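All remarks here apply to the structure that follows.
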Amino acid sequence: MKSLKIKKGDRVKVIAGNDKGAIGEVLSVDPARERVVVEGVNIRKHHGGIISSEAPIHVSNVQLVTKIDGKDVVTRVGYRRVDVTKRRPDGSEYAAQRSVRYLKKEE
Amino acid sequence: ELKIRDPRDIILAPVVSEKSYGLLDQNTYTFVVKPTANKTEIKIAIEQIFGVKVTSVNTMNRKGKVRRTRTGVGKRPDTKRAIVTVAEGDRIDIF
Amino acid sequence: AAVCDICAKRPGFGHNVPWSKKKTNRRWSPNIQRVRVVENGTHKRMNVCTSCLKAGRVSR
Amino acid sequence: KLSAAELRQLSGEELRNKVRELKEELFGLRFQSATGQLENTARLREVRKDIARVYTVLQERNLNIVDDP
RNA sequence: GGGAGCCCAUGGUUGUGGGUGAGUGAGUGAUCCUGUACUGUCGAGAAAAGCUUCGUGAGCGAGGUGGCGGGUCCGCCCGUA
RNA sequence: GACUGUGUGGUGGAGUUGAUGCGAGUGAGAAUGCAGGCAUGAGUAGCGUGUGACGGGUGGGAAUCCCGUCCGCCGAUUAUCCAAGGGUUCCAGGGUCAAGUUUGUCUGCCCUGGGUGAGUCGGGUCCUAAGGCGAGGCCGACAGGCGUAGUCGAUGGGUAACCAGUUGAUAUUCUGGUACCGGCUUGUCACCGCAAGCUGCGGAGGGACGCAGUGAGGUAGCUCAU
RNA sequence: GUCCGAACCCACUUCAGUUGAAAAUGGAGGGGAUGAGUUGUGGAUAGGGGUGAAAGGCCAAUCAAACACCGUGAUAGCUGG
RNA sequence: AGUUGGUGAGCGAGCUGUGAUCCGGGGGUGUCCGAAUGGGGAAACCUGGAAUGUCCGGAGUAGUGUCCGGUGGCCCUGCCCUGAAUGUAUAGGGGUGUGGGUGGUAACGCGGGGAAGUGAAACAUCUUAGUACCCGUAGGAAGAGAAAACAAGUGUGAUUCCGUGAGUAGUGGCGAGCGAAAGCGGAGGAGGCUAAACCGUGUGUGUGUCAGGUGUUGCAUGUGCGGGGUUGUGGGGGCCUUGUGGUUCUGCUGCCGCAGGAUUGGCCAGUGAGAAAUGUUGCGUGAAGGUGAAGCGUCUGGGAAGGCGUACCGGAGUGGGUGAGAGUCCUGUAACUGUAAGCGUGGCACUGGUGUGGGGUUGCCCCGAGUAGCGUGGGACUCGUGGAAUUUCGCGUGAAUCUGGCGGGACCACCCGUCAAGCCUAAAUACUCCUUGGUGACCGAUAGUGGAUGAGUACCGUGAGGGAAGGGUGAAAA
Ligand SMILES: [Mg+2]
Ligand SMILES: [Mg+2]
Ligand SMILES: [Mg+2]
Ligand SMILES: [Mg+2]
Ligand SMILES: [Mg+2]
Ligand SMILES: [Mg+2]
Ligand SMILES: [Mg+2]
Ligand SMILES: [Mg+2]
Ligand SMILES: [Mg+2]
Ligand SMILES: [Mg+2]
Ligand SMILES: [Mg+2]
Ligand SMILES: [Mg+2]
Ligand SMILES: [Mg+2]
Ligand SMILES: [Mg+2]
Ligand SMILES: [Mg+2]
Ligand SMILES: [Mg+2]
Ligand SMILES: [Mg+2]
Ligand SMILES: [Mg+2]
Ligand SMILES: [Mg+2]
Ligand SMILES: [Mg+2]
Ligand SMILES: [Mg+2]
Ligand SMILES: [Mg+2]
Ligand SMILES: [Mg+2]
Ligand SMILES: [Mg+2]
Ligand SMILES: [Mg+2]
Ligand SMILES: [Mg+2]
Ligand SMILES: [Mg+2]
Ligand SMILES: [Mg+2]
Ligand SMILES: [Mg+2]
Ligand SMILES: [Mg+2]
Ligand SMILES: [Mg+2]
Ligand SMILES: [Mg+2]
Ligand SMILES: [Mg+2]
Ligand SMILES: [Mg+2]
Ligand SMILES: [Mg+2]
Ligand SMILES: [Mg+2]
Ligand SMILES: [Mg+2]
Ligand SMILES: [Mg+2]
Ligand SMILES: [Mg+2]
Ligand SMILES: [Mg+2]
Ligand SMILES: [Mg+2]
Ligand SMILES: [Mg+2]
Ligand SMILES: [Mg+2]
Ligand SMILES: [Mg+2]
Ligand SMILES: [Mg+2]
Ligand SMILES: [Mg+2]
Ligand SMILES: [Mg+2]
Ligand SMILES: [Mg+2]
Ligand SMILES: [Mg+2]
Ligand SMILES: [Mg+2]
Ligand SMILES: [Mg+2]
Ligand SMILES: [Mg+2]
Ligand SMILES: [Mg+2]
Ligand SMILES: [Mg+2]
Ligand SMILES: [Mg+2]
Ligand SMILES: [Mg+2]
Ligand SMILES: [Mg+2]
Ligand SMILES: [Mg+2]
Ligand SMILES: [Mg+2]
Ligand SMILES: [Mg+2]
Ligand SMILES: [Mg+2]
Ligand SMILES: [Mg+2]
Ligand SMILES: [Mg+2]
Ligand SMILES: [Mg+2]
Ligand SMILES: [Mg+2]
Ligand SMILES: [Mg+2]
Ligand SMILES: [Mg+2]
Ligand SMILES: [Mg+2]
Ligand SMILES: [Mg+2]
Ligand SMILES: [Mg+2]
Ligand SMILES: [Mg+2]
Ligand SMILES: [Mg+2]
Ligand SMILES: [Mg+2]
Ligand SMILES: [Mg+2]
Ligand SMILES: [Mg+2]
Ligand SMILES: [Mg+2]
Ligand SMILES: [Mg+2]
Ligand SMILES: [Mg+2]
Ligand SMILES: [Zn+2]
């Protein structure tokens, strides 16, 4: 298994559910069952006292958003291969190939 | 040969309970030991660990409790515990 | 015995076939004879079939 | 710290001393756990992992997987 | 060592420190002990080791052991409610 | 006719209608049919030998729990301790859905924690019996059968400890007092020397043995007591 | 392989039970009770075989051939559906 | 870029990018039981090394109790010593540790043992059926296999398997039943070794052998190793006319010839069954991965994938997810790419390792023996003892050997075919405990596995063995 296209700290826009159009930061990701937590969207109670905080929603219900010309536009992602160097646990060097994400609709 | 054997591999944990604390009045300490260790080995290990003369070592085997739960009967591990009697004033600090 | 120590001749299995042809299981054992042998320099008994004994495959 | 592949920069006798010290630390941790101390519970597993690492290095040296210093 | 009621008191269904006093005589009497004794008896009532002693078909072993009273430490595993 | 509406509601929450073909695990009331659920008998029979009464307590709740006092019962056992077997039921605290032939605050039930201490007790480390297995071996088409040397196998032989005290739960085990046995080691005295000793190996002695009966000398116990 | 009679072993009569307290017992009596006695532990004999002071008795609560699995969805001119 | 498995959350950590968890590959550790293997044993337990310095090495103690590691099960087999009664000698004994074995396994294979119920409307031959079961024993397949074959007048040319022939010819208490082969059509397609003559090489022993030669020159038996040889209108050996790969230039036979010889050609041939088996270089990849296209706006709704409007991608519209029915939200899919690694694997080149015959002749020599046959008692063949070939087991008897043997359904003759009694052989065929991907006018919780959950569990039985039942809140525990 690999990771998801959405990672913690990303700024995403909600495209489905009770909070369509809401824009927030990805507070946490749960890769195993593909659910993410975005700030100030799914406010419900936990447990413990009340705890009015955010509940996870499906990762397919959010989308990475970019600011092209002053308007927020939801976009998909691609990956490009760039040459990197990785360190083996002992500390040696070797040149390897790593993927870097880019947002579409902005090249 | 690999796998150096330390006397602290035999002595696992001390038994803390009302009976153990009452036995502390007699310079007596109850330890949970490795279930394959004899009295002589436990005695030597305690001496080496604590720098303490040991007069007697008494051991018992205690059966683990069996409790019926969801998923049937569960059985807690068997334990052997050594009851070590210390010389008059030597004292062992278990914290 | 019914097994030859030379050539490993062993019993066969077939039928008693009466006049009424009510076939019954029966055995044909080889003619095994126990004779003294001197092999290389070893004196010992061996169960030897008469066929091997006639052929001379056994040293006495 | 949790020990790593720099144990390969040590010698056999001091690696064995490391084994003994780790065993003694684990002994103390187990006693603390029995007596109700030891809030730091993760060290109780990490010390055993470190012992495993030191035995790994010793056995690779003994089996000549890695040249002995 | 064990063994009753007297103590400022205790603590009031409680235990502490002192307060323990006596120890014997006779009768009776075993399925126990002497005892695998003794007597009777035919149906004629395990084995092996420990043990004592005897050598040597084996090795060890040095001129070192083996004995008798005295001192120190060691004495395992399983069961134990 | 099997059945049905392209009528109209209710419940419900994700599928499915008509035409025309195609394929069937395609139709149930019976098999003393199978599985589950539920009636009938019926609030009926039974509640497994028996002696309980009362005062107080606890509690939401008491004939059925606790304490006390009367009374009754067992006592060659309704007592006490083992073996076999069981396996945590033992103790303390919390609990009253279920289980307990009723109730239940109670429990051999549930939950949590705790509890079993041995050189001498009972087994192993020692010994063999019956019997089992069995190096080689002999026998048997194969599979296998038997058995030597051996090696296991108690229900037997051998084998060194007692009294007192203590815990909510352990006690020839812990503690106190006083012993014993085997090792190791040490002090001292005496003694050896083809010819010390030790260990193996066997010889012999011993272990070592029935049933029945009487008597004698004792002690345990019991009874009585100026 | 005496007599009377507890334990112990048995199971003659009777009553009760007979959806039992109990898939063979209970109450009252009854036979043996030093013997061909009874009992504990371990062991041996295995299905056309074992064992039987012999009843075709017993061999894990139904034995004129145990139980389990397999041949197997045996077969049934019969009964049911 | 999260992560410390699940049933089933928060602590205390590690990763805080020093890149973890995770994924592939390879190692390390691996208690005790189990073939279980030091010895014992009621599987998962117990107990050890006669006395000496202790079984050996280490740790610990004043020392013994102790600790850690190593070692030794049995059987077969190799090598060395010894050799009983006893003489040869063997058995045996003592070393050494050379190799192999033990046990497990779902189906398929081969060899052997071998029912009954059943059917025949009873039943015994027969059937069931060589089935069930059992014993031995493999391999990735096995078995078979290179004509002692078929054919019938020409011919075919190892074996296995499939379709036909054919439910035929037959067989059968001629009952119930059973049941071929040739031929033809296909799948797949190899043929190779050996024994024997004859020639080189030692021990139960010479006295006859131009350079040479001695009572022996090298003379006589029969071994173990080399060549040689392998077939059927016969072959081979022998006897000869020739031919070996160009030679440095060694002994022998005759100063002819034969053989060893050596970098070098070499037609070739190779890791195969093929009398054999040892390094470097050329391919796409499986295990992991990498890239992977293209949609918004409104409406109703708890929620849009639905409605309405309107665009896009498509080598991608197979699916499955996402709060309801998604080609463009997610996972992917198409297409392409990477594979470092593998014991990697397959194939190529190189290294490296191994190596010719044709013609004539028949005086001679060889061509697989307790075998083939024959008798007898059984079994398999369509064939159930018969007119009984062919094939097979037990017991007797017992041949020829090329002008010979065997087969062509008794047998004989001729004719045709073939050459047994030695061995090895790929492919087409059988199977799935497993691995990966995929599929279903298959099931959908009384169904489908006994088992969607603690299922071979609970539970029942002394034991072998038998053997269940229990799925669904919601979009989110809110
Ligand atoms: Mg890495
Ligand atoms: Mg990625
Ligand atoms: Mg004990
Ligand atoms: Mg557990
Ligand atoms: Mg038959
Ligand atoms: Mg003859
Ligand atoms: Mg008297
Ligand atoms: Mg006890
Ligand atoms: Mg007790
Ligand atoms: Mg239709
Ligand atoms: Mg139906
Ligand atoms: Mg119905
Ligand atoms: Mg019913
Ligand atoms: Mg009713
Ligand atoms: Mg009434
Ligand atoms: Mg009525
Ligand atoms: Mg009534
Ligand atoms: Mg009534
Ligand atoms: Mg009553
Ligand atoms: Mg009552
Ligand atoms: Mg009372
Ligand atoms: Mg009374
Ligand atoms: Mg009395
Ligand atoms: Mg117990
Ligand atoms: Mg409990
Ligand atoms: Mg219980
Ligand atoms: Mg209790
Ligand atoms: Mg009740
Ligand atoms: Mg209670
Ligand atoms: Mg209680
Ligand atoms: Mg012994
Ligand atoms: Mg015996
Ligand atoms: Mg044997
Ligand atoms: Mg012995
Ligand atoms: Mg024994
Ligand atoms: Mg008690
Ligand atoms: Mg006592
Ligand atoms: Mg004491
Ligand atoms: Mg004797
Ligand atoms: Mg005697
Ligand atoms: Mg009498
Ligand atoms: Mg009794
Ligand atoms: Mg009667
Ligand atoms: Mg009656
Ligand atoms: Mg009488
Ligand atoms: Mg038995
Ligand atoms: Mg009769
Ligand atoms: Mg019975
Ligand atoms: Mg019968
Ligand atoms: Mg059948
Ligand atoms: Mg039927
Ligand atoms: Mg009828
Ligand atoms: Mg790691
Ligand atoms: Mg073992
Ligand atoms: Mg064993
Ligand atoms: Mg071993
Ligand atoms: Mg020794
Ligand atoms: Mg094998
Ligand atoms: Mg029959
Ligand atoms: Mg019939
Ligand atoms: Mg019939
Ligand atoms: Mg083959
Ligand atoms: Mg050919
Ligand atoms: Mg063909
Ligand atoms: Mg040859
Ligand atoms: Mg995409
Ligand atoms: Mg839409
Ligand atoms: Mg031939
Ligand atoms: Mg013939
Ligand atoms: Mg015949
Ligand atoms: Mg036939
Ligand atoms: Mg014939
Ligand atoms: Mg003819
Ligand atoms: Mg073959
Ligand atoms: Mg089911
Ligand atoms: Mg349903
Ligand atoms: Mg159901
Ligand atoms: Mg059971
Ligand atoms: Zn023979």
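In what follows, chains are A, B, ... by sequence order, proteins preceding strands, each numbered from 1. When reading the values below, keep in mind they use all heavy atoms of this one structure, side chains included, and skip hydrogens, waters and symmetry mates.
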Is H:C219 base-paired to H:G370, counting Watson-Crick or G-U wobble with both distances below 3.5 Å? no
H:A294 phosphate, OP1 or OP2, under 4.0 Å from A:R76 side-chain N/O: yes
H:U203 sugar pucker (north/south) via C1'-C2'-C3'-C4': south
Nucleotides F:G100 and F:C106 paired (Watson-Crick or wobble, under 3.5 Å): yes
Looking at B:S17, I'd like to know whether one of its side-chain N or O atoms comes within less than 4.0 Å of OP1 or OP2 on F:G115. yes
OP1, OP2 of H:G69 versus side-chain N and O of B:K3: anything below 4.0 Å? no
Taking a pair as Watson-Crick or G-U wobble with both distances under 3.5 Å, which nucleotide is matched to F:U112? F:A92
Only one of D:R16, D:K23, D:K18 clears side chain to side chain contact (heavy atoms under 4.5 Å, CB included) with D:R20; which? D:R16
What orientation do B:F50 and B:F31 show, parallel under 30°, tilted 30 to 60°, or perpendicular over 60°? parallel
With respect to the phosphate group of F:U175, does any side-chain polar atom (N or O) of B:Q26 fall under 4.0 Å of OP1 or OP2? no
Starting from P on H:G454, measure out to CZ on B:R67 and report it in whole angstrom. 17 Å
OH of A:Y94 versus P of H:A340: gap in Å, rounded? 15 Å
Strictly below 4.0 Å, heavy-atom distances to any atom of RNA chain E: list the hits from residues 31-66 of chain B, or just say none. B:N38, B:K39, B:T40, B:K43, B:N61
Answer syn or anti for H:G254, where the cut-off is 90° from 0 on the glycosidic torsion. syn
Check every atom of H:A477, F:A141, H:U3 against the side chain of C:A1 and return the nucleotide holding the closest atom. F:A141
Given the rule that I, L, V, M, F, W and Y join up when any side-chain heavy atoms are under 4.5 Å apart, are A:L4 and A:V62 in one cluster? yes
If positive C1'-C2'-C3'-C4' means north (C3'-endo side) and negative means south (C2'-endo side), then H:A84 is north
Strictly by Watson-Crick or wobble contacts shorter than 3.5 Å, is anything paired with H:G297, and which nucleotide is it? H:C308
For G:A68, which nucleotide is its Watson-Crick or G-U wobble mate, given both distances must be under 3.5 Å? none
Counting only Watson-Crick pairs (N1-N3 plus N6-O4 or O6-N4) and G-U wobbles (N1-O2, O6-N3), all under 3.5 Å, who is the partner of E:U31? none
As a quick check of understanding, evaluate side chain to side chain contact (heavy atoms under 4.5 Å, CB included) for C:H15 and C:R26, giving each step before the final call. CA-CA 5 Å; C:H15 289 140; C:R26 84 152 270 185; 5.8 Å; no
Is any N or O donor-acceptor pair between the side chain of B:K75 and the base of F:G87 shorter than 3.5 Å? no
For B:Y29, all residues meeting ring pair (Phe, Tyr, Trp, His ring centres under 6.0 Å), sequence neighbours excluded: none
Counting only Watson-Crick and G-U wobble pairs whose two distances fall below 3.5 Å, is F:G205 partnered with E:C51? yes
Need the glycosidic conformation of F:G108: syn if within 90° of 0, anti if not. Which one? syn
If you compare every side-chain N and O of C:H15 against the phosphate oxygens of H:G379 (OP1, OP2), does one of them come in below 4.0 Å? yes
Between the base of H:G113 and the side chain of C:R27, is one N or O donor paired with an acceptor at under 3.5 angstrom? no
Shortest non-hydrogen contact from A:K7 to A:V26? O-CB, 3.7 Å
Among H:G454, H:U18, H:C296, the one nearest any side-chain atom of A:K105 is H:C296
Round to the nearest Å and state the distance from B:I11 atom CD1 to H:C67 atom P. 13 Å
Under 6.0 Å from the CZ atom of A:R88, do we count more than 12 heavy atoms belonging to anything else shown? yes
Can you check whether any acceptor in the base of F:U170 is under 3.5 Å from a donor in the side chain of B:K19, or vice versa? yes
With north for a positive and south for a negative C1'-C2'-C3'-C4' torsion, H:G202 lands south
With F:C163 and F:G176, is there a Watson-Crick or G-U wobble pair, both distances less than 3.5 Å? yes
Taking a pair to mean Watson-Crick or G-U wobble geometry with both distances below 3.5 Å, F:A141 pairs with none
Watson-Crick or G-U pairing of F:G200 with E:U56, both H-bond distances under 3.5 Å: yes
I need the CH2-P distance between C:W19 and H:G173, as an integer number of Å. 15 Å
Go through the N and O atoms of the side chain of C:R10 and the base of F:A141, and report whether any donor-acceptor pair is under 3.5 Å. yes
Measure the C1'-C2'-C3'-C4' torsion in the sugar of H:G97, then label it north if positive and south if negative. south
Can you tell me the base-pairing partner of H:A388? Count Watson-Crick or G-U wobble geometry only, both distances below 3.5 Å, and say none if there is no partner. none
If H:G173 has a Watson-Crick or G-U wobble mate with both distances under 3.5 Å, name it; if not, just say none. H:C123
Taking 3.5 Å as the limit for both distances, would H:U278 and H:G245 pass as Watson-Crick or G-U wobble partners? no
Syn/anti label of H:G472 as read from its glycosidic torsion, with the cut at 90° from 0: anti
Taking OP1 and OP2 of H:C126, is either one under 4.0 Å from a side-chain nitrogen or oxygen of C:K23? yes
Syn/anti state for H:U52 [syn: chi within 90° of 0]: syn
Which whole-number value in Å describes the distance from D:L2 CG to H:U18 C1'? 11 Å
Please give, in whole Å, the distance from H:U298 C1' to A:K20 NZ? 10 Å
Kindly say if A:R33 contacts the phosphate of H:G321, meaning a side-chain N or O under 4.0 Å from OP1 or OP2. no
Check F:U214 against H:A469: Watson-Crick (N1-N3 plus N6-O4 or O6-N4) or wobble (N1-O2 and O6-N3), both under 3.5 Å. Paired or not? no
Strictly below 4.0 Å: does B:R81 bring a side-chain N or O up to OP1 or OP2 of F:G115? yes
Would you call H:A149 and H:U156 a Watson-Crick or G-U wobble pair if both distances must be under 3.5 Å? yes
Indicate whether OP1 or OP2 belonging to H:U291 is found under 4.0 Å from a side-chain N or O atom of A:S99. yes
Determine if the base of F:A42 is syn or anti; take syn to mean the glycosidic torsion is within 90° of 0. anti
Within a 6.0 Å radius of atom CD on A:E106, are there more than 12 heavy atoms belonging to other residues, nucleotides or ligands? yes
The nucleotide from H:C395, H:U90, H:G292 with an atom nearest the side chain of A:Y79 is H:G292
Count the heavy atoms of every other residue, nucleotide or ligand shown that sit under 6.0 Å from NZ of A:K105, and state whether that count exceeds 12. yes
Across the strands shown, which category fits A:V29 at heavy-atom distances under 4.0 angstrom: base, sugar-phosphate, nothing? sugar-phosphate
State which of H:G377, H:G19, H:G12 makes the closest approach to the side chain of D:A42. H:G12
Can you tell me the distance, in whole Å, between the CG atom of D:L38 and the P atom of H:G12? 12 Å
Under 3.5 Å donor-acceptor pair, A:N18 side-chain atoms to H:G323 base atoms: yes
Figure out the CG/P separation between B:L23 and F:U166, and round it to whole Å. 17 Å
Would H:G78 and H:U233 pass as a Watson-Crick or G-U wobble pair if both distances have to be under 3.5 angstrom? no
Does the pairing criterion hold for G:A28 and G:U13? That is, Watson-Crick or G-U wobble with both distances under 3.5 Å. yes
